[PDB]
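Enquirer: turn this into a model:
(chains A, B, C, D, E, F and G, ligands or ions: 8)
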Amino acid sequence: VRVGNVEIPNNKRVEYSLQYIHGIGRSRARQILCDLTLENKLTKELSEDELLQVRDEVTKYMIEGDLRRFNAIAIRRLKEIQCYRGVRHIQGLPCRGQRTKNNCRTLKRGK
Amino acid sequence: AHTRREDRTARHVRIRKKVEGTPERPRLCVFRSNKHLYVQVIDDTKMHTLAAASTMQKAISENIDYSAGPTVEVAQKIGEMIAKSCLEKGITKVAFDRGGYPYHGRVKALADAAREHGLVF
Amino acid sequence: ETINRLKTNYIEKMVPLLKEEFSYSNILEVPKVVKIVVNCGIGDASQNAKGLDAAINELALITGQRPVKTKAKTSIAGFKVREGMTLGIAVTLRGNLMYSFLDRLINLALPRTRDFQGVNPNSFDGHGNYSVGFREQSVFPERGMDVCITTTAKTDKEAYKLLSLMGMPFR
Amino acid sequence: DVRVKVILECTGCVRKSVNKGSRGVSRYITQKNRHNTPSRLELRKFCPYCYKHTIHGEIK
Amino acid sequence: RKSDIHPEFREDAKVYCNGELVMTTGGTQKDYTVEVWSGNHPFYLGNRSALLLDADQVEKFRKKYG
RNA sequence: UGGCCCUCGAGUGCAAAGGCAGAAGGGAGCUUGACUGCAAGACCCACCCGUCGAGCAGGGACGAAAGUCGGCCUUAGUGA
RNA sequence: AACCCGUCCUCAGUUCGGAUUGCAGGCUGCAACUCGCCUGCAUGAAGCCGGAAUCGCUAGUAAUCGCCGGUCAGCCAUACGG
Ligand SMILES: [Mg+2]
Ligand SMILES: [Mg+2]
Ligand SMILES: [Mg+2]
Ligand SMILES: [Mg+2]
Ligand SMILES: [Mg+2]
Ligand SMILES: [Mg+2]
Ligand SMILES: [Mg+2]
Ligand SMILES: [Zn+2]
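Expert: Numbers count the residues shown, from 1 in each chain, chains lettered A, B, ... in the order given. Ligands and ions are numbered 1, 2, ... in the order given. Structure data below:
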């Protein structure tokens, strides 16, 4: 556990190493550095106070835990209520107007 | 599960089915409590105790003084007085019953001190 | 900051507190932790020695005490094993290690588990004893394990009251 | 013929002894498996001629 | 305890949190580093209910329009 | 792997019967008595075979010692 | 746009790859659930140049880069024609 209950590698840069966190994408990784206005150095070489200053600011977003829970309840909302989009999840099939005649190998494989 | 007192009694019976007190070689058994020692010399054929030596005897309670429990030095005194109490009765041979406890420790000092003079075992 | 927290916090604060909860007629009727048995079963331990000799050292650093190569009680072909071969990895924690281990449990390893929302309070067996299951051991700051806590409690209520005071976050 | 009867000879007895006590050599015979015991079989057993226990080893 | 067959376990091994000595425990390693110690984790400070319902969608309907 | 309850329902290399629970079952440490020279007295019984064995000397193992050991819990594993 | 200059990424399912899904929004339109196109975030599948087989191309061609248009309120166009 480097930060956020995940062991991040220590060789990569800072921008392209927070992205392994489940709640941090490519834009959020930049917004954090831009808010802290610090230079994108290595992961291991970073100071303690600066690295400490990251550990306090990252916790403001839906990083992990509630993020995966906020999604799973949302998909659970559609299943119990039996929307059209909810039944397709139960069927293991898409719900955004895709054609199902010759494609959708992702969900069919993920049965 | 089994407690210390229960396992102690089992270790004493497995010993007793081999050692047996007789007029020619009585049975010397020991009982150590959390605060006292105790010894008996028995002829099992007669079911009678010939001699004994306890921690509560006046001839030795005035001499020794322990706070928590009887030490190795105490056992050396019990083996000494019981020996002098045996030779006056006219018996030398004896079978050693270790009371279910291991031979190592204070039980060894009691046997050696008693074996140091007078007795044959 | 003190040396031993649980050992001192228990005798001074908890025993007057837990006695008032159930109103025991004697102080010796209070329950207390006897031991903590940490099991780790591997069926494929008979194949490799590196995975065996290494994992035995992994738990040792977590506990400060060597594990034990636990052997099979009987042979059976359903899982392709033989009698006398090692199947499980176990160890006994008593005295100060069980408290020092518990400090490393509630505060170091148990919080670092992914998606943590408290341990099941229904894991009691019905005689005061308690158990825990893990998938990983890297949560300890140094594969799974079955931690079996023993207690002298008759019912589970005083145990649940006992364990809850020493952290043990229950849902 | 996995199991076999093995012959044990005394290590210490000499041939054609000119002593007055007794002349000869001690020799026992026992069972011994080959695969379960590929090595030799030496044991300290009694020797009537040597008046003591001696290491009787396999003659072959 | 047998002599040569245990690690170098000790007592009062300190535990820093970015130089903050929250407390000390016994362990084999020299020191520790933690960020989920007691209070940083929400489940301890929280009610420990472990159950949320996503109360209502009417709030999404009414608050957004206003 | 932890605990609770019933207690001999397991196991004792193999067939069965009989026996064995702080055990004859299950482990650990040291060991070769799986000896030499005998043997009072018994069981069995057409004959020839077969079985148990106190105790004595010798030189030894284990045990602190008392004491135990002349192959295996017993009965088939053999040929004048 | 490919391209030139400069910083970083150094052979990794990766700063390759962008499927699938949730949330929050916009435009067209009487109407966007089945069944439109887009934005902002977060998720980050398979896939390491590909069997037996098989297609195109003989010069500004093949290969590769992007631009426009028609139908059209809007657009499932990665198409069609340039
Ligand atoms: Mg990410
Ligand atoms: Mg039976
Ligand atoms: Mg036995
Ligand atoms: Mg793959
Ligand atoms: Mg590659
Ligand atoms: Mg292809
Ligand atoms: Mg042509
Ligand atoms: Zn000889």
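
Enquirer: what's the single longest helix in chain C?
Expert: helix C:50-63 (DSSP state H).

Enquirer: what do you get for chain E?
Expert: Chain E, longest helix under DSSP H: helix E:58-65.

Enquirer: could you see whether RNA strand G lies near that helix?
Expert: Yes - counting by Cβ under 7 Å from any atom of the strand, RNA strand G is contacted by helix E:58-65 at E:60, E:64. Every residue, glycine included, has its C-beta placed from N, CA and C.

Enquirer: neighbours of residue B:89, how many?
Expert: 11 (other Cβ atoms under 10 Å in any protein chain shown).

Enquirer: isn't it up against residue B:48?
Expert: No - counting by Cβ atoms under 8 Å, residue B:89 sits too far from residue B:48 to count as a contact (12.0 Å).

Enquirer: tell me the SS of residue C:69?
Expert: Using DSSP: H, G, I helix; E, B strand; the rest coil, the structure places residue C:69 in strand.

Enquirer: distance of residue E:63 relative to RNA strand F?
Expert: 52 Å (Cβ to the nearest atom of the strand, to the nearest Å).

Enquirer: the residue nearest the centre of chain C: which element?
Expert: Centroid-nearest residue in chain C, with Cα atoms, centre = their mean: residue C:147, separated by 3.4 Å. Using DSSP states H and E, the element containing residue C:147 is strand C:145-151.

Enquirer: buried residues, that strand. List them.
Expert: C:145, C:147, C:148, C:149, C:150, C:151 (16 or more other Cβ atoms under 10 Å in any protein chain shown).

Enquirer: quick one: is stretch A:10-28 near chain E?
Expert: No - counting by Cβ under 8 Å from any Cβ of the partner chain, chain E is not contacted by stretch A:10-28; separation bottoms out at 13.8 Å.

Enquirer: if we can go back for a sec, just the angle for the strand holding residue C:147 relative to helix C:50-63, thanks.
Expert: With axes from the mean of the first three to the mean of the last three Cα atoms, to 10 degrees defining the directions, strand C:145-151 sits at 40 degrees from helix C:50-63.

Enquirer: how much does the next helix or strand along the chain from strand C:145-151 deviate in direction from strand C:145-151?
Expert: Following strand C:145-151 in sequence order, the next helix or strand is helix C:156-165 (DSSP H and E). Relative orientation of helix C:156-165 versus strand C:145-151 (the same axes, to 10 degrees): 120 degrees.

Enquirer: give the other helices and strands that helix C:156-165 contacts.
Expert: Other helices and strands packing on helix C:156-165, by 3 or more Cβ pairs under 8 Å, 6 or more residues apart in numbering or on different chains; DSSP states H and E, are helix C:15-22, strand C:145-151.

Enquirer: extract the CA atoms of the longest one and return them as PDB.
Expert: Just to be clear, that refers to helix C:15-22. The C-alpha coordinates for helix C:15-22 follow below in PDB (Å, rounded to 0.1, in the frame of the first residue of the first chain):
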ATOM      1  CA  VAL C  15     -11.800  -6.300  33.900                       C
ATOM      2  CA  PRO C  16     -13.600  -3.800  36.100                       C
ATOM      3  CA  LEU C  17     -15.600  -2.800  33.000                       C
ATOM      4  CA  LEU C  18     -16.600  -6.200  31.800                       C
ATOM      5  CA  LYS C  19     -17.400  -7.500  35.300                       C
ATOM      6  CA  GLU C  20     -19.900  -4.700  35.700                       C
ATOM      7  CA  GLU C  21     -21.500  -5.700  32.400                       C
ATOM      8  CA  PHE C  22     -22.600  -9.200  33.400                       C
END
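
Enquirer: please identify the buried residues of it?
Expert: Neighbour count says helix C:15-22 has residue C:18 buried, by 16+ other Cβ under 10 Å.

Enquirer: quick one: distance of that helix to the chain centre.
Expert: Average the C-alpha atoms of helix C:15-22, do the same for its chain, and the two points are 24 Å apart (Cα atoms, centre = their mean, to the nearest Å).

Enquirer: other residues contacting it?
Expert: C:27, C:30, C:31, C:158, C:161, C:162, C:165 (Cβ atoms under 8 Å, 6 or more residues apart in numbering or on different chains).

Enquirer: now swap in stretch B:61-77 and tell me
Expert: By Cβ under 8 Å, 6+ apart, stretch B:61-77 touches B:32, B:34-37, B:55, B:60, B:105-107, B:109-110, B:113.

Enquirer: any idea how far residue B:28 is from the residue found closest to residue A:51 once you drop the neighbours it is linked to in the chain?
Expert: Leaving aside its sequence neighbours, residue A:51 sits nearest to residue A:3 (Cβ to Cβ, 6 or more residues apart in numbering or on different chains; 7.9 Å). Distance from residue A:3 to residue B:28, counting by Cβ to Cβ, to the nearest Å: 73 Å.

Enquirer: kindly report the same for residue A:108.
Expert: Following Cβ to Cβ, the distance that separates residue A:108 from residue B:28 is 87 Å.

Enquirer: one more: residue B:35?
Expert: 22 Å.

Enquirer: more neighbours, those two?
Expert: residue B:28 (27 against 10).

Enquirer: for the more buried one, which non-adjacent residue is closest in space?
Expert: residue B:94 (5.0 Å).

Enquirer: my guess is that neighbour contacts residue B:23, does it?
Expert: No - judged on Cβ under 8 Å, residue B:94 makes no contact with residue B:23 at a distance of 11.5 Å.

Enquirer: which of the two has more residues huddled nearby?
Expert: More neighbours surround residue B:94 than the other of residue B:94 and residue B:23, with 23 against 11 (other Cβ under 10 Å).

Enquirer: give the contact list for that one.
Expert: Going by Cβ under 8 Å, 6+ apart, the list of residues near residue B:94 reads B:25, B:26, B:27, B:28, B:41, B:86, B:119, B:120, B:121.
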